[PDB]
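**Q** Just need the structure, nothing else, for what follows:
(chains A, B, C, D, E, F, G and H)
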Amino acid sequence: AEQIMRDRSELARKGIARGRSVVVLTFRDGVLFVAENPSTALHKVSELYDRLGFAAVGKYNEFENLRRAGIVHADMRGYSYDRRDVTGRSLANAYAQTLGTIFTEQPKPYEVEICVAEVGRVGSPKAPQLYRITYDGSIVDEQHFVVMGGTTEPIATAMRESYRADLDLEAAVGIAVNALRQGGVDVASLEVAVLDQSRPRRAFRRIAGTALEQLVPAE
Amino acid sequence: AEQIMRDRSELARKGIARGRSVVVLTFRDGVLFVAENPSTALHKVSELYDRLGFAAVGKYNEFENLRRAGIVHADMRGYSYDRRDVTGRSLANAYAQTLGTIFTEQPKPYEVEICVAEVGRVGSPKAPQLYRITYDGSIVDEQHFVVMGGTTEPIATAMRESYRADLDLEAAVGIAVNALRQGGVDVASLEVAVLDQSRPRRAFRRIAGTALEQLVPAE
Amino acid sequence: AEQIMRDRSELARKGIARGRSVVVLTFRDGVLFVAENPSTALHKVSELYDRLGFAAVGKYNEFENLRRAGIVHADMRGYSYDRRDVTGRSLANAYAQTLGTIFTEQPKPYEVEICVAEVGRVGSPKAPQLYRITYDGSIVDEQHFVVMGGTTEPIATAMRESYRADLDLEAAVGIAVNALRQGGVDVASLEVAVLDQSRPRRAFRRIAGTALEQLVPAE
Amino acid sequence: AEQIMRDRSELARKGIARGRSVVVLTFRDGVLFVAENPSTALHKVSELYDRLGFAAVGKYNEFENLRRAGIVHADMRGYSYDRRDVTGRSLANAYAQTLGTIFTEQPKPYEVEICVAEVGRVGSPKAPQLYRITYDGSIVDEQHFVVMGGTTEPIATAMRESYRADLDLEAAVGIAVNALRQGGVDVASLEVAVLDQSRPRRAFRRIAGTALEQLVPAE
Amino acid sequence: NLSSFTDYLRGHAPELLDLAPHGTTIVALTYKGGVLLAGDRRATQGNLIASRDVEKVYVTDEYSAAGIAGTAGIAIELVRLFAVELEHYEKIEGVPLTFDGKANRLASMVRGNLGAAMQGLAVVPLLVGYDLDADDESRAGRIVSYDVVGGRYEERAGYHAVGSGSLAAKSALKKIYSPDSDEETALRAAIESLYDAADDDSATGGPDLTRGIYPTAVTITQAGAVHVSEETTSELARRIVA
Amino acid sequence: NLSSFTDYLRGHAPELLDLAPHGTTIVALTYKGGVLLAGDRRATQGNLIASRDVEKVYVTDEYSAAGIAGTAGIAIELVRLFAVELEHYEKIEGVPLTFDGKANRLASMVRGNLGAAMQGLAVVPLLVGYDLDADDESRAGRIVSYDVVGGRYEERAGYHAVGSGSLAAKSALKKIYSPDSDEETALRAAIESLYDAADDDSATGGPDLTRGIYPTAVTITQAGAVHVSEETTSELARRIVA
Amino acid sequence: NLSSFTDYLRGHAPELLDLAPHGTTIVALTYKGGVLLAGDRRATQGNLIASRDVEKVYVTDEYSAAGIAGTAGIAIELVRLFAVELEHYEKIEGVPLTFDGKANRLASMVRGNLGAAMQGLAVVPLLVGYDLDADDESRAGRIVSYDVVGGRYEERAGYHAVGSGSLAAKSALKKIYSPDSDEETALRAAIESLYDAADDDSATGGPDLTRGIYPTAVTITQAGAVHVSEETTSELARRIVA
Amino acid sequence: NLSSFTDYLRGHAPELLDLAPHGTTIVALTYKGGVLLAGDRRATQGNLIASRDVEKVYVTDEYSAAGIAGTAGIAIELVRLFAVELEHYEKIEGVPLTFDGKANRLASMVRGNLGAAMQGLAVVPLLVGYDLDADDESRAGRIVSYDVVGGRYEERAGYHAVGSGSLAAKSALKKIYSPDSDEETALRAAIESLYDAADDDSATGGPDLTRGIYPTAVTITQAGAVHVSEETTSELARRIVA
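**A** Numbering: from 1, shown residues only, chains lettered A, B, ... in the order given. Take a look:
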């Protein structure tokens, strides 16, 4: 009684584990989101802001909230100051703080794992940045790639040994879609999108169907 | 039941323990901050005020809060009265009371350890002061050096027998960086900053990369 | 289940016990404050008002609060009415009611023992008065001397057989500093102050270092 | 579980019992307050109003409150209507209700036993009335004498067989002071006061020291 | 909860903090013994006399008293409360308030009426008392005057007054009054200026031998404050007349 | 809870934040030692004089003090509070406030009366002090003036004044004053302009040799602040006359 | 909780959001290096001069500053707060605000005073800074002007001004100012129009050689903002004269 | 929590819902492709010109934009907020709002300002857009006008305008305009009426060839909205002239 945190903790871990997985990566255009998503309608990755992307895993409703919440917290800053000041680090901490609280206070912790990605402005030589936040309020500054959901071990290493900078898009899709197969099957029945540093404003587009074909490698 | 304090306390102690460490010291220029920070984006040491520095350890979100909270509490006094009146003692006590309360009332105590540092104004012969506040609201007035996080015992004594006043900067970095290695590995992959009593206002700058090289001693 | 008071109580008693000690006494000039305080920055004795002094023991943050709370409850009455109406008995009762309530309702009782001292106005033939309030809201009107902190038994009796009225200041310093040694080592590394009935207003001054030498007896 | 009242109940009884005692009586002048009080500053009997007295037992801070609370509840009525409408019955009930609720809801019951006494106006042939309220909201209309605190049994009967109407004051002091000694030692180190029906307004004076001598019988 | 009866109302019963029956003149004198208050008794709402036996000076407590000038209604409730405030603070703290306390409290109660004040219904008191804490028990008497915005002021001239005929009375005293004097001489000078105030002010109208209307008085000293008898005044006002 | 006594009331007792007895003139001079304040003592409600012995300058703390001009009632409570704000900040923080702090505080309290200000009842203070943190303890004396909307302003000319006769006194000093001087010379130029202020202003009326009404003064130096003696003033104003 | 020092007060201490000492003119010029601010130093309440040494331009942060015209009391506190808002946002976010952020913030603080504005006590700022985020670091200096209802406006003409003599100065610059120029040339044209503003406006009154009253200035560039020396100004105004 | 950025402010930060720099004229035209806006750029506070380069038309989102006339300050913040109100609803709902949605929202935002409206500080917008949900993509362009009390009105006549010179422009178009036409013909007719509005209205003042001041424009179509270039306007207004 006190190490209830041990318990709660497990509850989330287990809930996250027993579910589909996601991989986010750093490449040439900017940042790629590839996550198993059978759903035709409900997403798992979303534009968070001008140069900000978001993708989670766990119970939908729970990260759905955290998603809207972000969308709001961003908009707020942008309006309050200047879109130019909305950052990733900002929505990172924010999520950290929120989840951290939820964990400690809410009746049931949030079975969620979140990834916030920001792809540099529309010019400067700054390399994308990745952020992962755990159900209990933990963040880590990943500069290469990030994986969450289901069983990470296989997919994780399958990448540790499979990652390359300046990775072409078509190729970064492979690297990931492969590792993904290495832990669980891999039809063009998922949702992918990307934060394109080329774009001048939006910077976030989703790779539809007809054009995803020509990216994902077969068995 | 009543000596839950015992429990809760352990909860903190342990969580702090099972995590990277930090060292703060008094020297020639003013005050040096050396802490193991692999993170490229999320800091562990921060300008708290004009002549004030801050550095903590434990769960990030938790001490991150306490960091912002300080920043604010400082600014407030500075605005309310005069920057000239913001002291380290003030922020010490503050934190003390805050954590003290959290420990007593929050559902889960804060796995945090904090160090507040003030390096005299821009001239007078006053020697820097250091403060340490524990997860349960305990402070101590360290005039020399302070260490927190991970396993202190080794790094602790590794300094009790390694500390010198008027200690050059380059050398102070050694003194510290060394003691750190004597407990756990030591690449120029951490964050280091200093409260330079030479500065007229800010007094807190961070020692970037290209310049850290020529300060940290190899194996 | 009900005699939790038993428990809670012990919690405090123990916390108080396992810590340094203090002695307050009645003499010629007015009232003397001698308490073991290694700290160079954080005091344990404070000017509560015009003719009022305050000293405590237990967890810092906790009595620190109660110190400030007093400082305020005093000023209030002084402003609301007249400095001439701020008494020792007022703050005494105050503290009593407060502590008695914490004890009863706070999640953790206050590990504190407090002493309120008033040295008569700047003229009349009234002898100082002393007040001690315990972690559970208990007060006693001590006219001679008062001891709190750590192990009282030794130092207590070491005074019962060692107290003298109109006691000179230099000697009163001995009387106490001695009995303190008889239970725990005694360097000019403590904090001492006094409530000087000579003074017209303030009445509370602290005996610095250079002048304490010539007051504390050696081994 | 439900007969917590049994418990709480015992908590008070025991706390009250383990403490000095008080005796209140009806006599010639009006009403006498004799209670064991070694304290030189903190009383246990107070003028509650024009024709009202109050005396209690238990933890200090706890009845002290209820004391102040009466003083006010009285003043209130006297201002709201007319001092002539402030009765003993009012305050009695009031207290009954208060403690009654405390007992039932507060975290810990009030270790208190209280006595409200009213000595008829300044003329009419009305005989004083006495009120006793227990830590659990119980009142009784005592017309003769009332005892409380410590071990009542000895002092109690020591009065049942020792009481006399129209009793002289000097003699009423004996009657009580005696019975007090019969259970627990009896120096002029207590506090005595009386509600004098002779007086036109106040009706409450405390017998100081120089004059108590000649009233209390020796061993 | 700071021993202020008032402040209790503040948080527990707030509803207690010439259209209607006016004021009158009141005088204050210092002297060897202690001090005293004397004030007219004519309440006038307009140019019409509403009452000729209204007491304007009350005994606040054992060693002090004050007279209030302004709207009768507002001035009464205010002093009654001031009295209570003082008594309660004693029964609670055990001791009584400094004189300087009683005054600062009265001020607060005045500062509180400032709203009604700026709306015509203004009141202003004159406080007097034997300072049990004064070094020289010779000049232990004191006189405190007030503002409407609640300022507290020290007499420091032996006398003062408030009300319509105050300018008059103050002037009469400027002549008919001298320092350290009898508690008979002063009570005399008082009934005097209170006569002069009545001369140059239809709103006052001091001693009226024909009707039996005599000035109300109160003296305070090292023994306390006592309200002078109707005899000590009338056979005193007859003496003043010529 | 920020060591502000005021702010405590702000949240625990908010009820503490020519119809009534006006102001007067107050001067301020800088010098070798420190700085000082000298102010008139005539309170005037209307064209009528209300008191000729009122003190307008108070010692706020060990190393500072101030004088306030405007509604006496408001001005008093305001400085009394200022004093406390300071003392309380000390006892809590252990140390005292910067001079620049004491000032910023005083200004907040003034801004706080802006409401009453726009309703006639305005007040404005003059703050002086020995800046224990000034580099050159030679020019360690300071003078801060105020707005009504609560602006803080630095003297930077060795002298200032506030009140009806300020315009006059300022002008006198613009002549009879010189930098680094004695704590006898400045106290001299102060009683002087305080005299010229009274010449061209019926609301002031400085030194009156016939009545015994002398200007109140206070000097602050590296030793702290002390209120000049009634003697050092009279035998000083007699010197000024011709 | 959005890194807004302001917004913290908004929710935790709301009490911080010609009767009193007026304004003056302030000029803003753009140039090769960066930008600058130069403004008069005369505070005038009425037709009366209240102070001739009041600084009207402040350096808000490392790479920006602003001058505020309007009621001095309100304009001071407002900029000091803007300063803090900027600094606090940094220490929290680690990085500083865009320039476009600093302005949007400043505008909100102005919109905040709109209440007081519609009551006479209005204040309007002029903001400048070196946009560290500007593409062509040539024209990286910027000028933002404001409304009273809080509108934010871009200069886009290399110069601007606010205050009584603004119409004057703006017109002088319309002649004496040319694009890309020295940080000596612009500082020259500034002291110039600031002279012309004083010619046709008693409320201003620029460079006064006889008294030693010289315009306050500040330049901001890729190195940051620095307050121009009293020497670089006087030996600069002397040059302008004829 | 209804996907309304605004409504989020409503409950979590309410503080975001000729004394100051006025308005100008803005025109709207319908055509084959889609629709467009063109507005003057002269801001006038009084009879004085305050700015001649202020943009009055903004692109709200991918397929719509609007020009607002009235208090510049109130009108700026209002459109920006509208923009965000739109973008946020998309990010949240994933799709964008109907055009009839965007309008009803904009109407709500106007209705909100009615308070300030009835105090002079009013503002009124003109909303245009390519209705991606219109049946006949031939007449897919739309124009919505507004009240002050927040009414929403449909054009249904190919053109409209708002501002001081609107009555003028509206009339010019009542002549120089014809249905289904080039996005070159309509951009032509707009610059025209925008010329006539300036003829009979000193507040407007359209295309000024001598200064380089050219009307701002924006055209929305099935491709979305894009801001016409400064070239396509000047070489376009030169054609208009005679």
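
**Q** Show me where chain E has its helices.
**A** Counting by DSSP state H, one finds helices in chain E at the ranges E:5-12, E:72-93, E:99-111, E:114-117, E:166-176, E:186-199, E:230-240.

**Q** Okay, buried residues for the last one please.
**A** Which is helix E:230-240. E:233-234, E:236-237, E:240 (16 or more other C-beta atoms under 10 Å in any protein chain shown). Where C-beta positions appear, they are placed from N, C-alpha and C, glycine not excepted.

**Q** Looking at chain E, what residue ends up closest to chain A?
**A** residue E:11 (32.3 Å; C-beta to the nearest C-beta).

**Q** Burial check on that residue, number of neighbours?
**A** Other residues near residue E:11 come to 10 when the count uses other C-beta atoms under 10 Å in any protein chain shown.

**Q** and if you look at residue E:95?
**A** Neighbours of residue E:95 under the rule other C-beta under 10 Å: 12.

**Q** could you list every residue that touches the closest residue to it other than its chain neighbours?
**A** Leaving aside its sequence neighbours, residue E:95 sits nearest to residue C:87 (C-beta to C-beta, 6 or more residues apart in numbering or on different chains; 7.8 Å). Residues in contact with residue C:87 (C-beta atoms under 8 Å, 6 or more residues apart in numbering or on different chains) are C:118, E:93, E:95.

**Q** Wasn't residue A:210 part of a strand?
**A** No: under DSSP: H, G, I helix; E, B strand; the rest coil, residue A:210 sits outside any strand and is assigned coil.

**Q** Serialize the helices of chain E to JSON lines and add fields for distance to residue A:215.
**A** Below are the helices of chain E laid out as JSON lines (distance: least, C-beta to C-beta, whole Å):
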{"stretch": "helix E:5-12", "distance to residue A:215": "71"}
{"stretch": "helix E:72-93", "distance to residue A:215": "83"}
{"stretch": "helix E:99-111", "distance to residue A:215": "79"}
{"stretch": "helix E:114-117", "distance to residue A:215": "77"}
{"stretch": "helix E:166-176", "distance to residue A:215": "99"}
{"stretch": "helix E:186-199", "distance to residue A:215": "105"}
{"stretch": "helix E:230-240", "distance to residue A:215": "112"}
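
**Q** Which one of the ones you listed lies nearest to residue E:218?
**A** helix E:186-199 (9.7 Å; C-beta to C-beta).

**Q** In that closest one, which of the residues would be classed as buried?
**A** For helix E:186-199, by 16+ other C-beta under 10 Å, it's E:186-198.

**Q** So which of those reach chain C?
**A** Among the buried residues of helix E:186-199, no residue sits close to chain C (C-beta under 8 Å from any C-beta of the partner chain).

**Q** Just give me the closest of the buried residues of helix E:230-240 to chain B.
**A** Chain B lies nearest to residue E:233 out of the buried residues of helix E:230-240, by C-beta to the nearest C-beta, at 58.8 Å.

**Q** Contact partners for the spatially closest residue to that closest one that is not a sequence neighbour?
**A** Of all residues not flanking residue E:233 in the chain, residue E:214 sits nearest, at 4.6 Å (C-beta to C-beta, 6+ apart). Neighbouring residues of residue E:214 by C-beta under 8 Å, 6+ apart: E:41, E:207, E:230, E:233-234, E:237.

**Q** 10 Å instead?
**A** E:38, E:41, E:53, E:191, E:194, E:206-208, E:228, E:230-238 (C-beta atoms under 10 Å, 6 or more residues apart in numbering or on different chains).

**Q** and if you look at residue E:90?
**A** Residue E:90 touches D:47, D:71, E:3, E:61-62, E:96-97, counting by C-beta under 10 Å, 6+ apart.

**Q** Please report the distance of residue A:143 from residue A:87.
**A** From residue A:143 across to residue A:87, the span is 16 Å (C-beta to C-beta, to the nearest Å).

**Q** Nearest residue to the closest residue to chain G within chain E in space, ignoring adjacent ones along the chain?
**A** Residue nearest to chain G within chain E: residue E:149 (18.8 Å; C-beta to the nearest C-beta). Distance criterion C-beta to C-beta, 6+ apart; nearest residue to residue E:149, sequence neighbours excluded, is residue F:73 at 3.7 Å.

**Q** isn't that neighbour right up against residue F:54?
**A** No: in this structure, residue F:73 is not within contact of residue F:54 by C-beta atoms under 10 Å, at 11.4 Å.

**Q** between the two, which one's more packed in?
**A** Using other C-beta under 10 Å as the criterion, residue F:73 and residue F:54 rank with residue F:73 on top: 25 against 21.

**Q** excluding its backbone neighbours, what's nearest the residue in chain A positioned nearest to chain D?
**A** Chain A approaches chain D most closely through residue A:1 (19.8 Å), counting by C-beta to the nearest C-beta. Using C-beta to C-beta, 6+ apart and skipping residues adjacent in sequence, the residue nearest residue A:1 is residue B:7, 7.7 Å away.

**Q** Tell me if I'm right that residue E:199 and residue E:207 touch.
**A** No: look at residue E:199 against residue E:207 with C-beta under 10 Å: they stay out of range, at 11.1 Å.
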